[PDB]
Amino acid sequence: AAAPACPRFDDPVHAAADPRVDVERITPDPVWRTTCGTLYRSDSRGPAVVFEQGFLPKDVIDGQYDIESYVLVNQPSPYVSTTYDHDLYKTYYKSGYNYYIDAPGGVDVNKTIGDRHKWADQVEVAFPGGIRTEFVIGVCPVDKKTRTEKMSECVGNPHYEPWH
């Protein structure tokens, strides 16, 4: 069978864990992701924390709202970064976990700032205000020495709420 199209929420930051994010401050003009495939995030923070809190951004108030600046220099920002690439965890050595995300929206970085910048290979989606736990599917821990997922140790998020 051929797959169906994706639901479209009216609120572009419907997914935000911190709704104080000010969408009008995002620069440059964001190109919102309209697909709904699984996204991924490398993070060293453990699933007990992420499943309780979701992914909260570092600074929705005074953080770096410019996406190009945030991608290039990684200051505290209103964004939580994710990737289209299931395998990007292989490039994140420090990071103990590959989180699986099923969330509407997000700013498509390469569509917003182009695909010629230094980190275009990361195929990132930046979530303004972060990501509520109901949109975090689960996680797989990563074996650092082989850069592989420990698949018998993946865990589903009890708070995940499928929506499509």
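In this text, residue numbers run from 1 along the sequence as written.
Review point. Quick one: higher average CA temperature factor, 12-20 or 138-146?
Key: Between 12-20 and 138-146, it is 12-20 that shows the higher mean C-alpha B-factor.
Practice item. Averaging only over Cα atoms, indicate whether 34-42 or 50-58 has the higher B-factor in the PDB entry. Key: Higher mean C-alpha B-factor: 50-58.
Point to revise | Top residue by Cα temperature factor, when 122, 110, 133, 95 are compared in the entry | key: That would be 95, according to the entry.
Exercise for review: Consider only the C-alpha atoms of the modelled residues in this chain, order them by B-factor as the entry records it, and name the third containing residue 77: lowest, middle or highest.
Suggested key: Its C-alpha B-factor, which the entry lists for residue 77, ranks in the middle third among residues of this chain.
Check your understanding: Comparing residue 126 with the other modelled residues of its chain, is its CA B-factor in the lowest, middle or highest third?
Key -> Lowest third of the chain for residue 126's C-alpha B-factor.
Check your understanding: Mind checking which third residue 101 falls in for C-alpha B-factor across the chain?
Key -> Lowest third - that is where residue 101 ends up once the chain's C-alpha B-factors are sorted.
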